[PDB]
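Notes to accompany the following structure.
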Amino acid sequence: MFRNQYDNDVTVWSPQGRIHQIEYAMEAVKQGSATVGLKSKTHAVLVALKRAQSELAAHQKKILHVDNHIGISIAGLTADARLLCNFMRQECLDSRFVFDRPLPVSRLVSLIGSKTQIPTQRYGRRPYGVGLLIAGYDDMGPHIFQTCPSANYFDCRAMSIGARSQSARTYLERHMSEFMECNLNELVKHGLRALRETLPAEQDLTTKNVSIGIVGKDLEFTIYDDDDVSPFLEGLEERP
Amino acid sequence: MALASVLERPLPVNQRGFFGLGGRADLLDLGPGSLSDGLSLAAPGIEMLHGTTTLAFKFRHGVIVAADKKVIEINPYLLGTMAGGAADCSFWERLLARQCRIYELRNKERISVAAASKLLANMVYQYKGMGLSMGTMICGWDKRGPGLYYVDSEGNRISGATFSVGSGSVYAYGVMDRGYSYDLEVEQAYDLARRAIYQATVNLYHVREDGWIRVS
Amino acid sequence: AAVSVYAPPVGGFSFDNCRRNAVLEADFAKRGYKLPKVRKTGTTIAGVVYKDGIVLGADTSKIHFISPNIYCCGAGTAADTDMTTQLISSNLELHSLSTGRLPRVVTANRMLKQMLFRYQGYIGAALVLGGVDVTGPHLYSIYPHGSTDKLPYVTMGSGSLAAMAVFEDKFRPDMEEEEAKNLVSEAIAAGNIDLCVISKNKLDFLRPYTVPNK
Amino acid sequence: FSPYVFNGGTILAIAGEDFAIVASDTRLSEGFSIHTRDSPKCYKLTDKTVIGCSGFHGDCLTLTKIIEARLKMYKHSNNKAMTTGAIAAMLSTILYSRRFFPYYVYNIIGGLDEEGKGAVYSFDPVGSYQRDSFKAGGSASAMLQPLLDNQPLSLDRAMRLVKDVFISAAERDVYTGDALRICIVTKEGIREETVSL
Amino acid sequence: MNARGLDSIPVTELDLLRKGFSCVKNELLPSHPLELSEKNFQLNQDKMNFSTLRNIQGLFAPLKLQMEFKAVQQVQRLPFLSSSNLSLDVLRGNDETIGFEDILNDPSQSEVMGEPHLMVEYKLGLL
Amino acid sequence: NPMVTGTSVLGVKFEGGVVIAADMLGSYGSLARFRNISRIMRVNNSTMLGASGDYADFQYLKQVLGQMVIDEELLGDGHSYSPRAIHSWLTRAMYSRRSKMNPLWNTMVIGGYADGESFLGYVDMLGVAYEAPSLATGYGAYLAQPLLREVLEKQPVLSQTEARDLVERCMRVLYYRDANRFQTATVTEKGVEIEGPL
Amino acid sequence: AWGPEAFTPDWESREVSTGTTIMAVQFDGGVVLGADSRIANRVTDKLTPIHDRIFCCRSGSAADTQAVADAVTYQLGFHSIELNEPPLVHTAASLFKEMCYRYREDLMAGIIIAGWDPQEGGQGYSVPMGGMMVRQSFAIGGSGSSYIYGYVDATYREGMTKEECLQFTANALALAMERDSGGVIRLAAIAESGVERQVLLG
Amino acid sequence: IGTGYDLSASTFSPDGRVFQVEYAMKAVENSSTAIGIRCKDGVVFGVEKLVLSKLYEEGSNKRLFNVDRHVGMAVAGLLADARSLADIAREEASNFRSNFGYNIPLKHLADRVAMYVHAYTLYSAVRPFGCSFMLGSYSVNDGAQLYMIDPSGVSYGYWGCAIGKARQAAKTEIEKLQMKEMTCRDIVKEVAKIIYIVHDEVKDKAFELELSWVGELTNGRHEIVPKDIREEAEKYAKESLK
Amino acid sequence: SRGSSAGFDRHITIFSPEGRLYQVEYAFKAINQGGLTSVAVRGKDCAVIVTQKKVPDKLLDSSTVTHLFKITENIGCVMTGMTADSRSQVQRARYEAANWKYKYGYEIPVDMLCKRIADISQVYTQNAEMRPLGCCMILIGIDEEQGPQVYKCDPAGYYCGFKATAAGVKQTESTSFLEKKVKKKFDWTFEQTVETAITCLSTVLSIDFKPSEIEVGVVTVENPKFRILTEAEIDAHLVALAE
């Protein structure tokens with residue numbers, strides 16, 4: 001009742017010391033579709049669920065390509081995702097050109113956070129309404145990072161974002177102790193089983209609504225779509 | 001960094017790595033850029057066409073241009103010739119072709135010879151004295167009949183019924199002046215052009240209503 | 002309204018006739034003609050610091079006015095000397111009006127030095143500056159490139175060698191006013216004569232500043 | 030202060046019906062002194078194109094880095110690898126971007142085209158280019174072009202010819218290296234081997 | 001020390031009556047050694063003050079000065095009329111000194127002036 | 048406007064790392080009175096740098112490089128600059144400064160030992176860079192490069208003591224060419243150790 | 016060529032110099048700064070005070086050196102008020118070096134700095150043309166820098182008394198000035216108790 | 004009551020107060036408690052770090068930064084503002100070292116950062132920061148030093164400080180220590196014990212203790228506490244709880 | 002800028018129907034938020050500044066809590082009001098004094114410094130983007146021809162020179178006491194000035210002072226440099242007053 005005056009801008013503090021527009025922007029992440037990202041001792045895997053407007057339209061793509069060793073997944077708005085992807089690509093390109101070395105994922109995500117913090121303090125701007133999942137590989141091994149509209153980033157070992165991702169998070173927490181020993185197979189399967197918990201109990205996963213991205217010790221970032229996903233889907237069970 | 005963003009004027013002082021009167025500021029941005037196009041400011053062997061002779065004249069049935091490649095096909099309906107610096111001719115005539123295509127797309131009607139020649143002269147006039155060297159004859163056919171113009175890097179732009187530039191310019195020009203005639207058939211025009219280019223010391236083009244063709 | 006104007010104009014010096022004059026002078030010299038020249042002043046000037054004041058001398075007025083207690087002499091290009099002196103006088107009058115008391119010699123010296131250094135020595139104006147303030151008498155020497163120099167006696171002009179020799183021969187610290195006047199007159203004549220005397224007894228530093236007449 | 034320094038080198042290119050050959054020496058020098066005896070001047074751009082440049086060394090390094098960055102940009106934007114003709118046109122535009130302060134570099138591009146045949150392009154420090162069947166560049170191009178002109194072939198005879206041309210040119214030139222590198226572009230990929238000189 | 005200061014030929018691939035009588039070659043180099051120095055005196059002075067203030071005190075001081083300048087320089091007349099620049103002069107410290115920019119070529123009595131809408135559009139960045 | 052040469056800097060590669068020797072002399076022109084100044088920099092645990100040319104530019108680059116190393120080690124994420132990264136950054140900086148006709152008058156030699164493999168690079172004021180088993184820049188550049196080149200050609204693999212002796216004898220020959231002090235630095239698995247003056 | 020041999024702009028020989036001679040010598044308790052006289062002048066002070074215990078001497082163009090000294094005095098005073106402590110000689114030397122190095126292509130300025138601070142005692146720094154910054158036991162600049170360098174280097178010893186240092190500096194300056204001139208030599212001894220200036224004539 | 008005068012940072016209440024700054028200071032009390040104690044020969048920090056889920060790594064979203072080689076920092080409040088202020092402090096220290104060639108004194112760094120924070124409470128185009136932080140350092144010629152800065156822009160020197168949700172109880176517990184006559188090895192255990200006492204388990208499921216000191220033991224360097232000492236301190240605190 | 006609030010009371014650039022600005026008056030009210038009082042007295046050959054010192058906590062470091070600053074080597078200061086605003090204005094004053102010295106070649110006078118600060122502060126009153134600072138500044142110093150000088154400026158941009166001024170919560174009572182003393186007699190020595198300055202605050206606040214509860218800064222003709230007295234000297238003065 002008393003909140004109507006203090007929730008119209010990001011430059012106004014509420015009498016309880018809260019910025020309501022940041023909390024409102026954090027709710028745009030739950031407007032997308034579920035995404036799951038996990039890692040092992042050698043590889044890093046991203047799994048995403050695609051939606052389509054109608055039966056006569058192609059499914060929207062969720063997994064993008066940033067560099068030979070970095071890839072991202074999107075859940076939220078689209079324009080913000082495109083802008084952030086352009087920024088990531090430019091930074092990686094500049095670092096490689098200048099130093100003849102790949103840009104570390106930690107430095108890249110720190111740059112992302114520093115850039116995203118600004119529009120939450122000045123007038124005439126709005127926060128970025130997008131959440132990302134970043135998978136990379138460098139001298140320290142595989143990495144999985146999560147980004148938030150509030151300019152906050154975390155270093156995870158397995159994370160899920162999107163709509164109705166609580167089930168995926170619960171499954172990942174339950175099966176966390178077996179991830180570090182699995183090879184690429186059964187790791188993609190753990191990811192797919194985690195993603196399958198976000199669906200109604202009647203329907204299953206086909207080859208036209210899943211995307212997979214893998215980066216490893218000596219394997220560059222690759223995206224598998226449509227018929228390329230069948231080998232990973234052959235061995236799944238009947239949704240126990 | 002929100003206070004510095006409000007001031008819409010990025011000074012080197014507000015950036016990182018600044019100390020003293022200078023600092024680690026000019027050594028920060030060393031990337032390859034994103035997207036633009038612009039010639040560099042002023043501070052080896054440059055290929056130039058020296059032993060080349062060209063010839064062009066217009067008559068009732070169109071424009072005939074011959075040379076000894092050395093002729094640029096700008097459009098299906100426009101023709102050009104190079105003399106001097108090859109790179110400059112190629113670059114600026116590519117720009118002219120792009121401009122003509124833009125005009126046709128916008129206005130749904132092909133550009134005229136006079137407009138194209140004026141555009142080329144305007145583009146090449148901005149860099150007078152910088153070092154550019156080019157000489158071009160532009161041929162075409164539009165709603166006002168055949169056209170023929172001469173454009174160079176000195177700002178000259180003239181129109182006439184007979185032109186010739188090259189090492190053997192004098193002899194060929196004299197021959198085709200002696201043998202010229204406005205009411206001339208295509209075969210006699212071909213013979214006159216061949217004889218003139220032979221006495222100058233073989234390509235041959237012919238512009239018509241609906242685009243140019245190659246004779247030999 | 003002009004159809005070729007995009008931004009408002011500004012003030013200051015104008016460099017429109019630089020290249021045109023550069024080629025025109027060469028052509029005229031090649032064909033052997035004459036062009037107008039710049040007026041110059043080269044008469045000798047001098048100054049000395051006696052017990053309780055400053056004595057400035059010049060030969061034929076040529077002694078500029080900067081303040082009731084500060085005076086200056088110039089040599090070089092007449093227009094530059096006049097302009098610099100007038101600008102400094104106006105700025106010092108504004109300063110005195112704001113601060114409510116008579117100015118200091120060091121302030122004028124600093125302003126002149128910074129101006130001359132700013133214009134990179136293209137404004138030819140060699141000056142002899144002297145005055146008296148609460149601290150005491152002072153005398154300076156400024157040069158066209160912006161370098162000052164504080165001395166008890168200075169000379170400038172074509173015949174400055176004889177004057178400098180006379181000063182070296184017959185200078186003594188803390189002399190009387192008449193002796194200083196005679197010394198300045200003799201040094202100037204060794205190269215009519217105008218003398219300016221600024222004495223501490225004719226100035227009051229305990230009263231509010233009031234604008235003089237000119 | 031001269032911002033230009035000449036470094037020796039010699040490059041060659043032969044175009045075949047289903048193959049392309051690019052070869053160069055491996056010496057870096059400053060006229061009298063010898064910098065290194067191992068410095069190949071052939072760089073692989075994609076799986077079907079190779080570029081070889083000689084002249085001022087710093088300009089060569091900068092040009093190669095810029096070309097690679099532009100290739101990555103195009104691949105990201107258009108979701109496919111760019112062909113040989115597009116590379117040639119882009120390089121011509123890049124070179125003409127500095128008309129009033131030119132790169133002191135001579136380039137030769139060799140590779141396969143869309144139809145699967147050999148293609149060779151030769152440039153000038155300003156940007157003019159054209160398609161050829163065989164081209165020789167570098168310092169010793171003037172004394173090497175007539176030999177090739179007075180002398193399409195199969196892969197083995199072309200390799201034999203390339204070997205004899207460089208062995209004859211090295212003995213009469215003061216900038217040729219102590220080793221020869223040959224890059225072969227075919228439909229199965231790219232392979233290269235070094236021949237001692 | 002305030003007076004000592006320390012590849013832009015675009016091709017349209019990103029009206030000739032309005033602009034004329036200008037070539038790149040002549041504007042490549044200055045005509046006099048004092049031309050650029052005099053044209054950019056105030057900018058150089060501001061840069062020097064910002065540099066020394068940032069090196070001695072910190073980031074806050076130059077940022078506050080620039081913020082004050084920007085805020086006070088937004089309440090002026092439209093560009094086709096002459097303004098007084100009172101508060102900007104007070105903040106900048108030039109309220110008690112006279113230079114050569116004030117007594118030479120009074121900008122309030124200029125001999126040329128363009129159309130109003132054109133200048134307002136040019137200042138906004140549209141043209 | 049007049050130009051004078053610079054002091055001599057030497058470098059060789061051995062089994063465990065690299066050896067660099069530099070001259071303690073100030074300058075060969077009018078600055079000969081600024082004697083006993085060091086020209087060898089330790090960048091980090093696996094990189095050392097030697098310079099020959101103008102001293103003010105050397106000090107400026109020393110400041111910048113030390114600040115960069117401190118900045119990278121503050122984060123503590125486990126990543127450090129390799130010798131090749133320093134080589135590339137120096138080459139780009141030299142080329143960028145040259146393109147504006149305001150070059151940095153220097154000629155650097157970089158040595159390091161990372162991942163069990165030695166490194167040895169060369170950068171000048173024009174942006175020319177390469178790697179060689181041995182390098183020599185300065186007053187006796189043409190009188191020392193062929194000697195080291197042939198010595199290393201005879202024996203491709205050299206030990207630490209042999210490399211040190213070769214450097215010492217080359218410096219002795221250079222002094223005998225025209226008639230004092232120098233210092234030597236070594237990079238190996240232990241780290242960067244500097245001994246001098248001698 | 017210029018690549019492998021690492022050629023140098025050689026700043027000190029850009030123009031011929033016929034100025035005075037300046038010297039700074041360190042003794043146990045502090046530093047002694049002196050300058051000679053060698060047209061007009063002969064009543065001019067060649068020592069410019071930067072602070073209460075920091076001085077400097079200039080070589081090269083007069084206007085450029087005076088402007089640099091004025092700016093440095095500004096910056097040092099501001100910094101000392103800000104930090105609330107007496108300044109250090111190293112800070113003044115760094116402040117000189119910044120402008121002497123950034124403007125090496127525009128000004129002809131050579132500075133020598135001498136002073137005393139409670140943390141490191143008497144110090145003397147040299148900032149010749151080009152921007153070099155080196156601390157030395159004894160620093161020589163001007164015109165006799167080549168004529169008296171050998172004698173000064175041979176004769177100089179470790180920390181001595183103030184009077185002996187003054188005598189040594191006076192002797193070196195006199196030998197520098199009588200090269201074949205003037206008669207006025209100015210000296211200044213800087214210690215903890217304060218500066219002690221004196222002039223030698225005849 | 005300041006209704007109507009609390010929508011901008013450039014508006015004065017009828018009794019002479021700015022309410023946006025007060026709301027910003029109120030916002031700090033929404034985060035966990037961090038304490039810092041200055042002792043005879045060093046400074047030791049301690050942060051009660053809550054755990055959000057078990058899917059995060061060990062070193063995620065830390066609250067102890069390394070501003071320089073000799074300066075530590077502990078934050079409380081909004082995290083993004085804390086990262087921004089840490090970047091600002093690093094830049095200031097680097098600039099001072101580059102200009103003057105030696106390590107920046109702690110008081111000067113505190114003054115610089117405090118003025119930068121205060122500059123945001125003057126204009127209507129930005130909003131005040133929402134985080135507090137503390138700085139600590141040690142050197143042979145100066146000794147240990149500790150400072151606090153709050154969103155209004157006021158800095159002071161302290162012998163023992165506490166910021167966050169439960170600063171009152173933490174201050175009460177600290178005020179019973181003779182920190183002037185003890186050593187870092189004897190202060191780590193006290194810091195851990197105070198953190199454990201202050202923590203409330205009903206409204207907070209679990210937490211991880213975070214510690215770091217700077218002083219003579221580390222030779223003037225800011226470092227993370229070794230794992231064994233952390234384990235010993237935690238065991239002692241748990242025993243003292245009983 | 003996000004606009005201007007509507008009302009005769011909620012913005013700086015809006016005149017009341019009776020013709021008065023209220024944000025400036027509210028800034029004046031903001032001075033009394035600290036709760037301290039300051040007194041400045043000018044003597045025959047000296048000037049003295051006295052102010053309170055409140056240290057509420059026991060974990061605080063009393064060495065870092067102060068309100069007497071130093072602008073130049075011969076100018077003192079004392080601030081009342083918001084701490085951060087006071088410190089920011091002190092930094093600005095230091096910069097202005099340094100700039101004046103560089104530009105004119107000699108030390109800035111006290112009245113000139115006060116006028117410069119007031120002129121800067123007036124601009125915040127006539128623009129919609131900036132707000133006044135809630136503090137007041139008192140400066141002391143010694144002139145060449147004239148003796149001691151005491152000056153004061155306020156958030157509105159008005160400055161004046163006084164013989165004995167005060168600021169804070171007890172400004173009115175301090176002013177009345179000082180008026181009575183000055184009207185009675187003004188010829189004071191160094192000892193008398195400090196004694197009366199302490200006595201005014203003591204008799205207004207009705208507190209028997211302690212050496213650690215006040216701080217004093219003096220300027221004298223013999224030693225024209227700003228100096229802050231120590232606890233021993235303050236205690237000696239207090240003992241002399243008590244006896």
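Chains as they are written, first to last, in the deposited numbering: chain E, 1 to 240; chain N, 1 to 43, 52 to 76, 91 to 223, 233 to 247; chain K, 2 to 61, 75 to 205, 215 to 237; chain O, 30 to 180, 193 to 238; chain H, 1 to 6, 12 to 19, 29 to 141; chain P, 48 to 226, 230 to 248; chain Q, 16 to 53, 60 to 201, 204 to 225; chain F, 4 to 245; chain G, 2 to 244.
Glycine included, each C-beta is placed from N, C-alpha and C at the ideal position.
Any beta carbon of chain F sitting closer than 9 Å to that of residue 81 of chain H?
yes
Closer than 8 Å, Cβ to Cβ, to anything on chain O: give me those residues from the region 82 to 94 of chain E, in chain order.
89, 93
Below 8 Å, how does it come out for the region 28 to 41 of chain F and the region 33 to 52 of chain G: are there three or more Cβ pairs, yes or no?
no
Cross-chain neighbours of residue 30 of chain N in chain P, by beta carbon under 7 Å
139, 143
Quick one: which chain N residues come within Cβ less than 9 Å of residue 15 of chain H?
36, 37, 38, 39
Is the beta carbon of residue 160 of chain E closer than 9 Å to that of residue 87 of chain F?
no
For residue 144 of chain Q, which of helix, strand or coil comes out of DSSP?
strand
Can you tell which of E/33, E/131, E/196 has its C-alpha closest to the C-alpha of residue 233 of chain E?
E/196
Report the neighbours of residue 65 of chain O on chain P: residues whose CB is nearer than 7 Å to its CB, in chain order.
177, 179
Nearest chain K C-beta to residue 39 of chain H closer than 9 Å, yes or no?
no
Below 8 Å on C-beta distance, what does residue 137 of chain N contact in chain E?
Here the premise fails: no neighbours, minimum Cβ distance about 39 Å.
Anything in the region 142 to 155 of chain O with a Cβ closer than 7 Å to a Cβ of chain N? List those residues in chain order, please.
153, 154, 155
Hey, is residue 20 of chain N's beta-carbon within less than 9 Å of any beta-carbon in chain Q?
yes
Please list, in chain order, the residues of the region 102 to 127 of chain E that have any C-beta partner in chain P closer than 7 Å.
104, 106
Beta carbon of residue 86 of chain K nearer than 9 Å to that of residue 49 of chain H:
no
Compute the Euclidean distance between the alpha carbons of residue 160 of chain K and residue 86 of chain Q, then round it to the nearest angstrom.
11 Å
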